[PDB]
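Engineer: Output the structure for:
(6 chains, ligands or ions: 6)
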Amino acid sequence: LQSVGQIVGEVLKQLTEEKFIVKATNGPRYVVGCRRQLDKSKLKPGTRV
Amino acid sequence: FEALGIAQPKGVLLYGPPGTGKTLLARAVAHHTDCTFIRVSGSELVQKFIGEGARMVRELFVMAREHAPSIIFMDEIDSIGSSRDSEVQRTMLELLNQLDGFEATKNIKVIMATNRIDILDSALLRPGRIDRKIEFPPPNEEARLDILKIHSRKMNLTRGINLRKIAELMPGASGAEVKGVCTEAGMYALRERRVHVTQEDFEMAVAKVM
Amino acid sequence: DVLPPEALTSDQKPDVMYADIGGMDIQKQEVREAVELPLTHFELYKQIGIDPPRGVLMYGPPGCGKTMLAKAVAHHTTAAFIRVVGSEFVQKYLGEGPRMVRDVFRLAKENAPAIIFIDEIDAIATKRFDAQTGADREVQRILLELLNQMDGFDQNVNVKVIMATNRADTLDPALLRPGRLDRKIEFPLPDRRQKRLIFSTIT
Amino acid sequence: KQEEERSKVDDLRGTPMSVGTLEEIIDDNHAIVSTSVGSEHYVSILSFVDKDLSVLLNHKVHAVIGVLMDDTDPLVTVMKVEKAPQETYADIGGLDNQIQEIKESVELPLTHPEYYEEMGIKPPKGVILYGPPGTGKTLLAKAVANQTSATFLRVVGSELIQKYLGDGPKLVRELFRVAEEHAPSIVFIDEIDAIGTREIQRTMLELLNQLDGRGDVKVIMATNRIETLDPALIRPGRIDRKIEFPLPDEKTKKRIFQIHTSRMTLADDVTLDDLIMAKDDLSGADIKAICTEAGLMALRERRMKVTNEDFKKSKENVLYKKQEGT
Amino acid sequence: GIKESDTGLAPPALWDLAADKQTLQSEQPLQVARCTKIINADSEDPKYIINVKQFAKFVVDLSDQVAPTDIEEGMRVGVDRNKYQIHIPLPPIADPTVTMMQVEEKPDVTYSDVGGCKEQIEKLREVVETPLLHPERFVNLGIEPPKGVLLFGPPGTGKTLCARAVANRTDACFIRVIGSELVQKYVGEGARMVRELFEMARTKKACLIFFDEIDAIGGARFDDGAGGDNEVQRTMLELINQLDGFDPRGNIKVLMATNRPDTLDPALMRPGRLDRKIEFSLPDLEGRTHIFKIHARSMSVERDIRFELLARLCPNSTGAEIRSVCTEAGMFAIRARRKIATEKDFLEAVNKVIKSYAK
Amino acid sequence: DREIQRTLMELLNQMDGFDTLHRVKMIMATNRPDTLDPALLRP
Ligand SMILES: Nc1ncnc2c1ncn2[C@@H]1O[C@H](COP(=O)(O)OP(=O)(O)OP(=O)(O)O)[C@@H](O)[C@H]1O
Ligand SMILES: Nc1ncnc2c1ncn2[C@@H]1O[C@H](COP(=O)(O)OP(=O)(O)OP(=O)(O)O)[C@@H](O)[C@H]1O
Ligand SMILES: Nc1ncnc2c1ncn2[C@@H]1O[C@H](COP(=O)(O)OP(=O)(O)O)[C@@H](O)[C@H]1O
Ligand SMILES: Nc1ncnc2c1ncn2[C@@H]1O[C@H](COP(=O)(O)OP(=O)(O)O)[C@@H](O)[C@H]1O
Ligand SMILES: [Mg+2]
Ligand SMILES: [Mg+2]
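Structural biologist: Numbers count the residues shown, from 1 in each chain, chains lettered A, B, ... in the order given. Ligands and ions are numbered 1, 2, ... in the order given. Dropping the coordinates below:
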């Protein structure tokens, strides 16, 4: 119960090793970064996050 | 116009076969009217979300109103130019209303161009709306010869290339395929590792364009 | 902040090569002059000066060996390449059809000299007709957006369009006409010395 | 002045003011309103608002705290010609018997209802006009509708082809439904031809239902091809009047040429008589076309003073544009 | 000076006090959503589904000021801004188009308004009027009172009006329907409109419903059309097969009519749909005389008319044309600007049809 | 109508054209093999 639903969306081009564009589904799109433990190479433009 | 006392024409419809110069005339007009030139793809309109048909016609006929002497070249109006879709039809209803802008649009000249006139409904063709219609016919022998000389002014030429024979050889060419046979004569000068194009190159360009 | 231009292809690079084709020497030579040369020999074109072709269409009996050539040029090309089939251009939500078309083409422009590949264009390029229903309106809008970005007002940067079609007795001539389809080609069924080449290559 | 109220009710209408659309007035102090996002809200009514229903709403509590000018409603308003038309009886040169006919038939009721409701009688239904295209049908319709404040509703007979059963009858029904929703109307079917001589027949029965089933709205019919119509449609005894335009006579044609030439710069070398008085020459629309083409003809020759020869070749070009016979 | 922009507002003596300010600062405004699916685990903590259009759908409950005794499916509910608990069931809507089929009260028609066909309306009343007002002979002799009948006669002449006279003396709410009102560009819902109509009529204190051009509605399936304006095939049986007869019918009276009976589905013809069938013709000589007798009331005329000869000057003809001719004698007065109509007006108004419609 | 044909296209080019590596096979059933579009029946 002490948890929150993470938003589901889809990534676009990287900008840095810590900057990535994501479309947040039918909502808007943002630029965000890796939390700590996500493999950057395992991210590709369009991978679901 | 005052010395004839008549009202100025409201707009122009360029219709006819595809690939005959209406685009080229629009581009050339953009080069010389020296009034503010604005252009709209017919499919840019209506689009997505409500009002994108309302906004893109209304505010368009507000920026045009601001710019006063201006040419709007609508292109391929048929995309929405058909008969009848709701918002789809709403875009034309607003377009009709905006071209029903009374005066101060005497400095607003609309040229919408579209092949295959048939679909275009009578709504915009009525005298309270675009009065003028212009067909662009396929060029004749002299006009084909001249468009040959136009598209071939950049060529590297062998002696005695009788363009008259090729112009005679190519009936019904609507102009775009004249540019096609020019490019194609360039093709069949090229792969023979040549730059001097020959008469039979234009001949077989006529052959393969058909 | 300001984002980079736009917001496409990848390292897929299909296996097939020009060494792998059956031997359609006329067709391979023609299409490669259409696409590959204006990348390299555009330097030679500038001396010849003939406005390199930017649009080629491919007639053929069903799978006559043309999408083979499509994947071959896609893999072998040095320039950027985009592969979006014509039938892929659709939507529920009315109106975005034309924009996504224009997004693909603008993306192509910003991607530097590139070749847009569209297969089965006959699905969304049938000869225009009385659009008495919304679907007809939208598909005709798709066609007209493709037309007007291909020539309608803006001469593009030196991009190219490669297209695949099976029937092509359809395909409204506004698409067919040369200024946007400079060097259309028909792939007929293989015959004397063509079948021999293709047997030899496969065998 | 009302500074006390300015210190109370202006504070009650705490800015900003949202704008929406009312749909229910269920409570005298609570209504139910819609807004831009399409949501619906049961909200309170503050007593200072008009008791009539855009709606001005409190930004926080959505309470109805004002009313405001109407600048909306779907495209049917565009189909309707709500404003009284522009052309008058003075513009129809010489075609004067039709003025009497159309006055007797449909002009009087919409400003004198008693002449068709109170004088021991009940109102009529509809009146048909006929004659060649461009002889004054739509012009006289707009003239008679100009003679009153009622709205003009023109519809061509073949435009209402809806797909499923009775939807064309619906497309006819809505015009009568929204008629007295804002003032009676003058209806005008352009080219009645289509409806009587497969939803068109059900629309015909709908038309006779709207005529008789009488009321204030007057209904015009018109076409050139009247000779084909089924008596089920043109039934005398229910269809009230049958007005006729002959080919424009001499005096009519003088007036029409004069009016159509009123804007361009005439020259005394052309008194329009030669263009006007010989024969069964032409209709008024042909006159207008002649004047327009003569003006253009003078334009291309830069003759910003129209001459006789311009009109002469104008006729020479125009008169060939009709098809042959046997 | 500045110009007002259609802002309203009443004079000071008509508003405010502390009442409005307290009401606005105290009472929460209610947003409006549709209801669905009482969860009803055990019927004391029921819960419900609601739909705020274009925004969301929620599981909610009631505020204890209201009870499930007032909540059903759909029900048009209204809740507060933040916890969305049901605060009010909102009243019905006039959208379902039933309003445009309504007459809603005793029609302005009596059993003598019928033009000579009083025979037919009387045999009608034996099967609708008698088995609601005189039930002392039906079920004791064996069968539950019937409720529905069809009519067919001359072209669009008088047929519907019979229903109006019956609904007048029946003291019944009246609804009249055409096939058009079961049709929209949106499909499938056309069938659902009949379902809505019967339900909204039974929400009335029993009602009388009538259909016209039942040929276009009660006409059977046409497979060989292979498409076209096909909505009929989706909607019509939901009348014919969901329609009830003398036995399976609730507290409702039904009447049918059309000018063309030959195409009607036997399912409509058979019971469970129809309890009687009635035929009409062009008004007979007695009928034509009686129609003019009726219309002598409909205007102010020089009431010395020889209607007996006017009905004979009419050959085989309708009775709607009789009304049209009476209003045409009105036209005769109007074109002459005469304050009253006369027998000559009636004569040449009759000849307006008789000569010009039959020359 | 034509939407069915465009769906056939989507199948018809998804079914080869982008690559072939797939460890994926398609089985199709028909009660009328003749009417099947020749493009599908392609070897
Ligand atoms: N009279 C002409 N002189 C020179 N070039 C011409 C002429 N007419 C057409 N062209 C050439 O035709 C080519 C095709 O474009 P064009 O403007 O003719 O098309 P279009 O009539 O607008 O048709 P579409 O709608 O199919 O684009 C252009 O490159 C233009 O140079
Ligand atoms: N000349 C050839 N040499 C080698 N293989 C060939 C040759 N021609 C055809 N093939 C084989 O047959 C296939 C022919 O199909 P093609 O390349 O035309 O694409 P497709 O997707 O089947 O076409 P379509 O888009 O018309 O449905 C090739 O993919 C290849 O495997
Ligand atoms: N009495 C008239 N006065 C002025 N113009 C007339 C008259 N009759 C016909 N016209 C001309 O003919 C046209 C109107 O005739 P009308 O029969 O209403 O045309 P349509 O058949 O297109 O409705 C107008 O263009 C007008 O110039
Ligand atoms: N003899 C008559 N007596 C009364 N009303 C009549 C008569 N003849 C025709 N009507 C008219 O018929 C109209 C409706 O009945 P009708 O059209 O016959 O129904 P249906 O559409 O089932 O044929 C009414 O408006 C009424 O005025
Ligand atoms: Mg063009
Ligand atoms: Mg292929």
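Engineer: Let me know the secondary structure of residue 25.
Structural biologist: Because you didn't say which chain, this covers chain A. Secondary structure state of residue A:25, per DSSP: H, G, I helix; E, B strand; the rest coil, is coil.
Engineer: swap in the one 10 residues further on?
Structural biologist: The three-state label given to residue A:35 by three-state DSSP is coil.
Engineer: Tell me, how many residues neighbour it?
Structural biologist: 6 (other Cβ atoms under 10 Å in any protein chain shown). Quick note: C-beta positions are derived from backbone N, CA and C, even for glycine.
Engineer: Contact partners for it?
Structural biologist: Residue A:35 makes no contacts at all, as judged by Cβ atoms under 8 Å, 6 or more residues apart in numbering or on different chains.
Engineer: Am I right that residue D:128 is in a helix?
Structural biologist: No - according to three-state DSSP, the state of residue D:128 is strand, so it is not within a helix.
Engineer: thought it was touching residue D:244?
Structural biologist: No - counting by Cβ atoms under 8 Å, residue D:128 does not reach residue D:244; the two are 9.6 Å apart.
Engineer: Whether stretch D:31-44 contacts chain E - can you check?
Structural biologist: Yes - using Cβ under 8 Å from any Cβ of the partner chain, stretch D:31-44 reaches chain E at D:32, D:37-44.
Engineer: is it possible to export those to CSV including neighbour count?
Structural biologist: Supplementary listing: these in CSV, determined by neighbours: other Cβ atoms under 10 Å in any protein chain shown:
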residue, neighbour count
D:32, 23
D:37, 11
D:38, 11
D:39, 17
D:40, 23
D:41, 21
D:42, 24
D:43, 29
D:44, 22
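Engineer: Residue E:186: which of those residues is nearest?
Structural biologist: Taking Cβ to Cβ as the measure, residue E:186 lies nearest residue D:38 of the residues of stretch D:31-44 next to chain E, at 18.3 Å.
Engineer: on contacts alone, who are the packing partners of the strand or helix carrying residue A:22?
Structural biologist: According to DSSP states H and E, residue A:22 maps onto strand A:20-23. Secondary-structure packing of strand A:20-23 (3 or more Cβ pairs under 8 Å, 6 or more residues apart in numbering or on different chains; DSSP states H and E): strand A:10-14, strand A:29-32.
Engineer: mind putting the residues of stretch D:31-44 next to chain E in TSV, distance to ligand 3 included?
Structural biologist: Below are the residues of stretch D:31-44 next to chain E laid out as TSV (distance: Cβ to the nearest ligand atom, whole Å):
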residue	distance to ligand 3
D:32	47
D:37	45
D:38	42
D:39	47
D:40	46
D:41	49
D:42	51
D:43	50
D:44	54
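Engineer: ok, and of those, which contact ligand 4?
Structural biologist: Counting by Cβ under 6 Å from any ligand atom, nothing from these sits close to ligand 4.
Engineer: In chain E, what residue comes closest to chain B?
Structural biologist: Proximity of chain E to chain B (Cβ to the nearest Cβ) peaks at residue E:185, 10.7 Å away.
Engineer: give me the element that residue is part of.
Structural biologist: Counting by DSSP H and E, residue E:185 is found in no helix or strand.
Engineer: Can you report how many residues neighbour residue D:209?
Structural biologist: Residue D:209: 17 surrounding residues under other Cβ under 10 Å.
Engineer: and it, what does it touch?
Structural biologist: Residue D:209 makes contacts with residue E:156, as judged by Cβ under 8 Å, 6+ apart.
Engineer: Regarding it, which helix or strand does it belong to?
Structural biologist: Taking DSSP H and E as the criterion, residue D:209 maps to helix D:199-211.
Engineer: Over to residue D:66?
Structural biologist: Applying DSSP H and E, one finds residue D:66 within strand D:64-67.
Engineer: which residues are contacting that strand?
Structural biologist: D:12-13, D:17, D:22, D:31, D:33, D:43-46, D:48-50, D:52-58, E:6-9.
Engineer: Indicate which one of the helices and strands packed on strand A:20-23 is closest to residue E:250.
Structural biologist: Closest to residue E:250 of these, according to Cβ to Cβ: strand A:10-14, at 55.3 Å.
Engineer: Could you tell me which residues within that closest one count as buried?
Structural biologist: A:11-13 (16 or more other Cβ atoms under 10 Å in any protein chain shown).
Engineer: By proximity to ligand 6, which residue of chain F wins?
Structural biologist: As assessed by Cβ to the ion, ligand 6 sits closest to residue F:17 within chain F, at 6.3 Å.
Engineer: Specify the local secondary structure of that residue.
Structural biologist: Following three-state DSSP, residue F:17 is assigned to coil.
Engineer: Show the contacting residues for the residue nearest to residue E:207 when sequence neighbours are not counted.
Structural biologist: Sequence neighbours aside, residue E:201 is the residue nearest to residue E:207 in space, at 3.9 Å (criterion: Cβ to Cβ, 6 or more residues apart in numbering or on different chains). Contact partners of residue E:201, counting by Cβ under 8 Å, 6+ apart, are E:173, E:175, E:207, E:209, E:252.
Engineer: what about the residue most central in space within chain B, distance to residue B:108?
Structural biologist: Central residue of chain B (Cα atoms, centre = their mean): residue B:22, 2.2 Å from the mean position. For residue B:22, the distance to residue B:108 equals 20 Å [Cβ to Cβ, to the nearest Å].
Engineer: looking at this, residue B:55 is in a helix?
Structural biologist: Yes - under three-state DSSP, residue B:55 sits within a helix.
Engineer: and it, how many neighbours does it have?
Structural biologist: 15.
Engineer: Could you grab the helix/strand/coil label for residue B:71?
Structural biologist: strand.
Engineer: Please, which helix or strand holds the residue of chain A found nearest chain F?
Structural biologist: Using Cβ to the nearest Cβ, the closest approach of chain A to chain F is made by residue A:46 at 15.0 Å. Assigned by DSSP H and E, residue A:46 belongs to neither a helix nor a strand.
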